>>> print(open('target15.tsv').read())   # TSV, C-alpha atoms
chain	number	residue	atom	x	y	z
I	65	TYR	CA	0.00	0.00	0.00
I	66	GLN	CA	1.24	3.59	-0.71
I	67	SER	CA	1.62	5.86	2.40
I	68	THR	CA	2.12	9.64	2.86
I	69	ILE	CA	5.24	10.52	4.98
I	70	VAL	CA	4.37	12.97	7.80
I	71	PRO	CA	7.47	14.84	9.17
I	72	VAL	CA	7.03	15.83	12.87
I	73	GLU	CA	9.19	18.34	14.76
I	74	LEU	CA	8.58	17.65	18.42
I	75	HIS	CA	8.41	21.20	19.87
I	76	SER	CA	7.18	19.85	23.26
I	77	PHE	CA	6.60	16.39	24.83
I	78	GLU	CA	2.78	16.66	24.34
I	79	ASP	CA	3.53	16.19	20.59
I	80	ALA	CA	3.49	12.27	20.95
I	81	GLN	CA	-0.25	12.80	20.07
I	82	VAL	CA	0.82	14.00	16.56
I	83	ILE	CA	2.91	10.84	15.90
I	84	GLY	CA	0.06	8.65	17.24
I	85	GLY	CA	-2.71	10.30	15.22
I	86	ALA	CA	-0.82	10.16	11.88
I	87	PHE	CA	0.47	6.57	12.35
I	88	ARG	CA	-2.98	5.28	13.49
I	89	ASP	CA	-4.36	6.93	10.27
I	90	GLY	CA	-2.01	4.73	8.19
I	91	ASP	CA	0.72	7.31	7.52
I	92	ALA	CA	4.48	6.81	7.91
I	93	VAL	CA	5.89	9.29	10.45
I	94	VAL	CA	9.48	10.59	10.62
I	95	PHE	CA	10.04	12.48	13.88
I	96	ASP	CA	12.87	14.78	15.07
I	97	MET	CA	13.72	14.87	18.80
I	98	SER	CA	16.52	17.52	18.70
I	99	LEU	CA	14.32	20.03	20.69
I	100	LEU	CA	13.63	17.53	23.55
I	101	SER	CA	15.60	16.61	26.68
I	102	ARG	CA	17.37	13.18	26.77
I	103	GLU	CA	14.64	11.92	29.14
I	104	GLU	CA	11.77	13.18	26.91
I	105	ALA	CA	13.39	11.54	23.80
I	106	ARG	CA	13.51	8.16	25.66
I	107	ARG	CA	9.77	8.58	26.53
I	108	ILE	CA	8.87	9.30	22.85
I	109	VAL	CA	10.77	6.21	21.56
I	110	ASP	CA	8.98	4.03	24.19
I	111	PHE	CA	5.55	5.50	23.27
I	112	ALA	CA	6.25	5.04	19.50
I	113	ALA	CA	7.35	1.41	20.24
I	114	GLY	CA	3.89	0.88	21.82
I	115	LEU	CA	2.05	2.40	18.83
I	116	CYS	CA	4.15	0.27	16.46
I	117	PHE	CA	3.61	-2.99	18.40
I	118	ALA	CA	-0.17	-2.46	18.66
I	119	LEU	CA	-0.61	-1.90	14.88
I	120	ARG	CA	2.17	-4.31	13.70
I	121	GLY	CA	4.21	-1.49	12.14
I	122	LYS	CA	7.95	-1.13	11.54
I	123	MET	CA	10.23	1.15	13.61
I	124	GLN	CA	13.65	2.47	12.54
I	125	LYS	CA	16.43	4.74	13.82
I	126	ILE	CA	17.55	7.20	11.08
I	127	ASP	CA	20.09	9.08	13.31
I	128	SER	CA	20.72	10.08	17.01
I	129	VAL	CA	17.66	12.44	17.03
I	130	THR	CA	15.50	10.97	14.16
I	131	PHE	CA	13.26	7.90	14.24
I	132	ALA	CA	10.42	6.64	12.03
I	133	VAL	CA	7.29	4.50	12.37
I	134	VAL	CA	6.02	2.85	9.14
I	135	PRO	CA	2.60	1.04	8.70
I	136	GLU	CA	2.62	-2.77	8.27
I	137	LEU	CA	1.40	-2.71	4.61
I	138	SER	CA	3.72	0.17	3.55
I	139	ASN	CA	7.06	-0.33	1.68
I	140	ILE	CA	8.71	3.03	2.54
I	141	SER	CA	12.52	3.18	2.05
I	142	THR	CA	15.12	4.74	4.43
I	143	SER	CA	16.11	7.28	1.67
I	144	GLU	CA	12.43	8.41	1.29
I	145	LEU	CA	12.23	8.97	5.10
I	146	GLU	CA	15.60	10.84	5.08
I	147	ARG	CA	14.36	13.13	2.22
I	148	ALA	CA	11.07	13.86	4.09
I	149	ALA	CA	13.12	14.71	7.26
I	150	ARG	CA	15.47	16.91	5.07
I	151	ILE	CA	18.51	14.78	6.14
S	65	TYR	CA	-18.07	-13.54	34.09
S	66	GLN	CA	-14.65	-15.17	33.31
S	67	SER	CA	-13.47	-12.13	31.25
S	68	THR	CA	-9.82	-12.44	30.26
S	69	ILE	CA	-7.43	-10.55	32.58
S	70	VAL	CA	-3.82	-11.45	31.71
S	71	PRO	CA	-1.35	-11.08	34.66
S	72	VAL	CA	2.26	-10.09	33.74
S	73	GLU	CA	5.37	-9.94	35.95
S	74	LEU	CA	7.95	-7.60	34.35
S	75	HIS	CA	11.69	-8.41	34.55
S	76	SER	CA	12.94	-6.01	31.84
S	77	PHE	CA	11.60	-3.72	29.09
S	78	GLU	CA	11.53	-6.72	26.65
S	79	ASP	CA	8.58	-8.26	28.63
S	80	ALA	CA	6.52	-5.40	27.16
S	81	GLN	CA	5.94	-7.90	24.23
S	82	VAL	CA	3.66	-9.96	26.58
S	83	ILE	CA	1.51	-6.91	27.53
S	84	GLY	CA	1.32	-5.88	23.84
S	85	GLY	CA	0.31	-9.33	22.55
S	86	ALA	CA	-2.53	-9.82	25.04
S	87	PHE	CA	-3.88	-6.24	24.78
S	88	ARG	CA	-3.72	-6.26	20.92
S	89	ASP	CA	-5.77	-9.51	21.10
S	90	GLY	CA	-8.53	-7.62	23.01
S	91	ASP	CA	-7.64	-8.83	26.55
S	92	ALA	CA	-7.23	-6.70	29.70
S	93	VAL	CA	-3.67	-6.91	31.18
S	94	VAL	CA	-2.64	-6.26	34.81
S	95	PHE	CA	1.14	-5.83	35.08
S	96	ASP	CA	3.42	-5.73	38.17
S	97	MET	CA	6.59	-3.55	38.07
S	98	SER	CA	7.93	-4.34	41.61
S	99	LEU	CA	11.07	-6.04	40.15
S	100	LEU	CA	11.99	-2.99	37.98
S	101	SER	CA	13.87	0.25	38.69
S	102	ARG	CA	11.72	3.47	38.65
S	103	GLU	CA	13.35	4.35	35.24
S	104	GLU	CA	12.42	0.91	33.76
S	105	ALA	CA	8.83	1.23	35.18
S	106	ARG	CA	8.51	4.66	33.46
S	107	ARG	CA	9.56	2.99	30.13
S	108	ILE	CA	6.87	0.27	30.51
S	109	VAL	CA	4.12	2.84	31.31
S	110	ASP	CA	5.14	4.88	28.20
S	111	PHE	CA	5.06	1.75	25.98
S	112	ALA	CA	1.63	0.75	27.41
S	113	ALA	CA	0.39	4.35	26.77
S	114	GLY	CA	1.39	3.82	23.07
S	115	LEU	CA	-0.62	0.58	22.99
S	116	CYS	CA	-3.66	2.41	24.53
S	117	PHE	CA	-3.48	5.29	22.08
S	118	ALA	CA	-3.24	2.96	19.04
S	119	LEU	CA	-6.25	0.80	20.04
S	120	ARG	CA	-8.28	3.49	21.93
S	121	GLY	CA	-7.89	1.56	25.24
S	122	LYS	CA	-7.98	2.69	28.87
S	123	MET	CA	-5.04	2.80	31.25
S	124	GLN	CA	-5.30	2.76	35.02
S	125	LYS	CA	-2.96	2.88	38.00
S	126	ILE	CA	-3.96	0.26	40.63
S	127	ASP	CA	-1.02	1.05	43.01
S	128	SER	CA	2.64	2.31	42.95
S	129	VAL	CA	3.83	-0.88	41.14
S	130	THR	CA	0.60	-2.12	39.42
S	131	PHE	CA	-1.01	-0.79	36.25
S	132	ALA	CA	-3.61	-2.15	33.85
S	133	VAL	CA	-4.48	-1.68	30.17
S	134	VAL	CA	-8.14	-2.35	29.35
S	135	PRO	CA	-9.64	-2.62	25.78
S	136	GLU	CA	-12.00	0.20	24.74
S	137	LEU	CA	-15.23	-1.86	25.08
S	138	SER	CA	-14.21	-4.24	27.87
S	139	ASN	CA	-17.01	-5.25	30.28
S	140	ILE	CA	-14.46	-5.22	33.23
S	141	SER	CA	-14.56	-2.75	36.18
S	142	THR	CA	-11.67	-1.30	38.36
S	143	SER	CA	-12.86	-3.53	41.30
S	144	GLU	CA	-12.48	-6.67	39.06
S	145	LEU	CA	-8.86	-5.63	38.27
S	146	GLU	CA	-8.18	-4.92	41.99
S	147	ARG	CA	-9.54	-8.40	42.95
S	148	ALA	CA	-7.38	-10.11	40.25
S	149	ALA	CA	-4.29	-8.21	41.57
U	434	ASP	CA	5.86	10.01	40.38
U	435	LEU	CA	4.58	7.23	38.07
U	436	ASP	CA	1.20	8.15	36.50
U	437	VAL	CA	-1.01	7.59	33.40
U	438	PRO	CA	-0.08	10.41	30.88
U	439	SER	CA	-2.31	13.55	30.67
U	440	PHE	CA	-3.74	12.64	27.20
U	441	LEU	CA	-5.01	9.24	28.57
P	434	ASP	CA	22.06	4.97	23.98
P	435	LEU	CA	18.67	5.50	22.25
P	436	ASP	CA	17.73	2.54	20.02
P	437	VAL	CA	14.73	0.65	18.52
P	438	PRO	CA	13.82	-2.17	21.05
P	439	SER	CA	14.99	-5.77	20.32
P	440	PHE	CA	11.45	-7.05	19.43
P	441	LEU	CA	11.12	-4.34	16.68
P	442	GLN	CA	14.65	-5.03	15.27
>>> encode(input="target15.tsv", output="C-alpha cells")
Amino acid sequence: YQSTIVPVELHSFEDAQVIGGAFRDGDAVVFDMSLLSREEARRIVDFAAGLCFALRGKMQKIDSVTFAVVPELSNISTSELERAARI
Amino acid sequence: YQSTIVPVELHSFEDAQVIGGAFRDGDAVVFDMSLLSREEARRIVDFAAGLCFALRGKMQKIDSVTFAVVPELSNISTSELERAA
Amino acid sequence: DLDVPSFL
Amino acid sequence: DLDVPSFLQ
C-alpha cells in the first residue's frame, strides 16, 4: 500500500499525540527529537514502540535524534524517510 | 463472568511484548513492576500508553507498582482488576 | 511520580 | 544509547 510521509518536529513532549494520530491513520511518520531533553526523547521512543507494536508497524532509527514508524502494509525506504526529514 | 485478565510480571523492558500481545488480542492486562527500577517502570508505562493510544484503550494505576491496560469496550470494572491483583 | 499520561 | 527495542529489530 502507498503511504504519505508525515514529518514531525517535536516542539514539546505533548507532541506524541501527533505521531500517534498520523500513524494510526495509516501514515508513515518521521520524527525529530533535537528540541527535547534526553529523558523526553527516551519517553517518545517508548511510546512510538507501543504504537508500532499495537498496529504491527515497523520502527527504525535514522540518526541520534530521528526515528520513524512505518505502517505494516507500507514499503517506505530509508532514503524516502531521510528526504522527508530533510537529512 | 470469566473475562480475560492477563497477569504479567515484568523483569525487563523486553517483557513489554507480553503486555502488547494480550492487549492487541482484546484482553485486559494487569502488570506488576515491583522487580523494575523506577526508570524501567517509566519505560513500561510509556510503551503501554502507546498501545492504549493505538487501540483506543484505557489505562489505570492500581497502586505504585501495578497498572492495567483495558480494551475500549471491555465489560471489566476497576474492582475486578483490583480483585485479580 | 509514576502516572497515566495527561492525554489518557 | 537511544535505540529501537529488540522485538522491533
>>> interface_residues(input="target15.tsv", of="chain S", to="chain P", cutoff="9 Å", atoms="only C-alpha atoms", output="number ranges by chain")
S: 77-78, 81
>>> write_last_selection(input="target15.tsv", atoms="C-alpha atoms", output="PDB file, in the frame of the given file")
ATOM      1  CA  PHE S  77      11.600  -3.720  29.090  1.00  0.00           C
ATOM      2  CA  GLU S  78      11.530  -6.720  26.650  1.00  0.00           C
ATOM      3  CA  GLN S  81       5.940  -7.900  24.230  1.00  0.00           C
TER       4      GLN S  81
END
>>> interface_residues(input="target15.tsv", of="chain S", to="chain U", cutoff="9 Å", atoms="all atoms listed in the file", output="short mmCIF file (atom, residue, chain, number, x, y, z; two decimals) with C-alpha atoms, keeping the file's coordinate frame")
data_model
loop_
_atom_site.label_atom_id
_atom_site.label_comp_id
_atom_site.auth_asym_id
_atom_site.auth_seq_id
_atom_site.Cartn_x
_atom_site.Cartn_y
_atom_site.Cartn_z
CA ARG S 102 11.72 3.47 38.65
CA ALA S 105 8.83 1.23 35.18
CA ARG S 106 8.51 4.66 33.46
CA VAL S 109 4.12 2.84 31.31
CA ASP S 110 5.14 4.88 28.20
CA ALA S 113 0.39 4.35 26.77
CA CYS S 116 -3.66 2.41 24.53
CA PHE S 117 -3.48 5.29 22.08
CA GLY S 121 -7.89 1.56 25.24
CA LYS S 122 -7.98 2.69 28.87
CA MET S 123 -5.04 2.80 31.25
CA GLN S 124 -5.30 2.76 35.02
CA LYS S 125 -2.96 2.88 38.00
CA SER S 128 2.64 2.31 42.95
CA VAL S 129 3.83 -0.88 41.14
CA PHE S 131 -1.01 -0.79 36.25
#
>>> interface_residues(input="target15.tsv", of="chain I", to="chain S", cutoff="9 Å", atoms="only C-alpha atoms", output="PyMOL selection string")
chain I and resi 80-81+84-85+87-88+106-119
>>> closest_residue(input="target15.tsv", among="I:86, I:132, I:92, I:69", to="chain P", atoms="all atoms listed in the file")
I:132
>>> residues_near_point(input="target15.tsv", point="(2.0, 13.2, 12.3)", cutoff="6 Å", atoms="only C-alpha atoms", output="ChimeraX atom specification")
/I:70,72,82-83,86,93
>>> atom_distance(input="target15.tsv", atom1="atom CA of residue 143 of chain S", atom2="atom CA of residue 72 of chain S")
18.1 Å
>>> closest_residue(input="target15.tsv", among="I:91, I:71, I:78, I:65", to="chain U", atoms="only C-alpha atoms")
I:78
>>> atom_distance(input="target15.tsv", atom1="atom CA of residue 96 of chain S", atom2="atom CA of residue 67 of chain S")
19.3 Å
>>> atom_distance(input="target15.tsv", atom1="atom CA of residue 127 of chain S", atom2="atom CA of residue 82 of chain S")
20.3 Å
>>> interface_residues(input="target15.tsv", of="chain I", to="chain P", cutoff="7 Å", atoms="all atoms listed in the file", output="list in words")
residues 106, 122, 123, 124 and 125 of chain I
>>> build_atoms(input="target15.tsv", residues="segment 98-111 of chain S", atoms="N, CA and C atoms", output="short mmCIF file (atom, residue, chain, number, x, y, z; two decimals), keeping the file's coordinate frame")
data_model
loop_
_atom_site.label_atom_id
_atom_site.label_comp_id
_atom_site.auth_asym_id
_atom_site.auth_seq_id
_atom_site.Cartn_x
_atom_site.Cartn_y
_atom_site.Cartn_z
N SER S 98 7.16 -4.31 40.36
CA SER S 98 7.93 -4.34 41.61
C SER S 98 9.38 -4.82 41.47
N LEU S 99 9.71 -5.54 40.38
CA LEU S 99 11.07 -6.04 40.15
C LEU S 99 11.94 -5.07 39.32
N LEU S 100 11.32 -3.98 38.81
CA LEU S 100 11.99 -2.99 37.98
C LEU S 100 12.46 -1.77 38.75
N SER S 101 13.42 -1.03 38.17
CA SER S 101 13.87 0.25 38.69
C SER S 101 12.76 1.27 38.33
N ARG S 102 12.75 2.47 38.96
CA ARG S 102 11.72 3.47 38.65
C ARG S 102 11.83 3.96 37.19
N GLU S 103 13.08 4.01 36.64
CA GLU S 103 13.35 4.35 35.24
C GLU S 103 12.76 3.29 34.29
N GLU S 104 12.97 2.00 34.58
CA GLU S 104 12.42 0.91 33.76
C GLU S 104 10.88 0.91 33.79
N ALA S 105 10.29 1.17 34.99
CA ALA S 105 8.83 1.23 35.18
C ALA S 105 8.24 2.35 34.34
N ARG S 106 8.92 3.52 34.28
CA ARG S 106 8.51 4.66 33.46
C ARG S 106 8.48 4.25 31.98
N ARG S 107 9.49 3.47 31.52
CA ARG S 107 9.56 2.99 30.13
C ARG S 107 8.36 2.10 29.77
N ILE S 108 8.01 1.17 30.69
CA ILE S 108 6.87 0.27 30.51
C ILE S 108 5.54 1.04 30.41
N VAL S 109 5.33 2.02 31.31
CA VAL S 109 4.12 2.84 31.31
C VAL S 109 4.01 3.63 29.98
N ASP S 110 5.13 4.17 29.48
CA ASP S 110 5.14 4.88 28.20
C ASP S 110 4.81 3.96 27.02
N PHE S 111 5.38 2.74 27.01
CA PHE S 111 5.06 1.75 25.98
C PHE S 111 3.57 1.39 26.02
#
